[PDB]
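Here we start with a single chain on its own, the form deposited in one PDB entry, put down as structure tokens.
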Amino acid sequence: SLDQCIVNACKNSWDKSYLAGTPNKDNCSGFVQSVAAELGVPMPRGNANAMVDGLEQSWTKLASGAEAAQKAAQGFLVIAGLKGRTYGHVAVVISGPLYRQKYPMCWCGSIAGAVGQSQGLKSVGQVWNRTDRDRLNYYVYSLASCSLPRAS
């Protein structure tokens, strides 16, 4: 794919509650935490702003959304993130055609409701406001999370 393991982790994480009592579909940071936990990727703790701060300090940053999609297609966990004045947002980037040839497809939950939610059917350029989508950071983990295709 080779992002099938990541897509699977997204699907599995959608109905989980990383923070007890708070469905991940209603909590962007919790959703990403559950995905990372399933994949065995260490993550900074906390809300979206805190996670972005941690990723900024420790993870390789990609140059573009196009590169983000390519890395996800190679089996890497790639997080799109941007800090907010009051609330930030984070999302998992997956492989797929770029929206407006620029913005990669994603999975994310959000307390905002539908506008901040994507089950792989929206891009980061639809979830984030127009004044934010060109300001996103894309962080990739140092090792691929996905495995070889099935042997048989």
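For the two forms, the rigid core is made up of the largest set of C-alpha atoms that agree within 1.5 Å on superposition. Note that residue numbering follows the sequence shown and begins at 1.
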> Relative to the presented form, and with the rigid core used for superposition, do the C-alpha atoms of 22-30 or of 110-118 deviate more in 8 other deposited structures of this protein?
Replying inline: 110-118
> As stated in the PDB record, which stretch has the larger average Cα B-factor, 132-140 or 11-19?
Replying inline: 11-19
> Out of 55-63 and 113-121, which stretch has the higher average CA B-factor listed in the record?
Replying inline: 55-63
> According to the deposited entry, which of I94, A48, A91, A37 has the largest Cα B-factor?
Replying inline: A37
> Would the CA B-factor of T86 place it in the lowest, middle or highest third of its chain?
Replying inline: middle
>> Splitting the chain's C-alpha B-factors into thirds, which one does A69 fall into?
In response: middle
> When the modelled residues of the chain are sorted by Cα temperature factor, does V127 land in the lowest, middle or highest third?
Replying inline: middle
>> When the deposited Cα B-factors of this chain's modelled residues are ordered and cut into thirds, is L98 in the lowest, the middle or the highest one?
In response: highest
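Below, we turn to the form deposited with a partner chain bound, even though it does not appear here.
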>> By the heavy atom within 4.5 Å rule, which residue out of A36, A69, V92, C28 makes contact with the partner chain in the bound PDB entry?
In response: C28
> Is there a heavy atom of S142 no more than 4.5 Å from a heavy atom of the partner chain in the bound PDB entry?
Replying inline: no
> So, in the bound PDB entry, is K61 in contact with the partner chain at a 4.5 angstroms heavy atom limit?
Replying inline: no
> Is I111 a contact residue for the partner chain in the bound PDB entry, using a 4.5 Å heavy atom cut-off?
Replying inline: yes
> Counting only non-hydrogen atoms and a 4.5 angstroms cut-off, does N129 reach the partner chain in the bound PDB entry?
Replying inline: yes
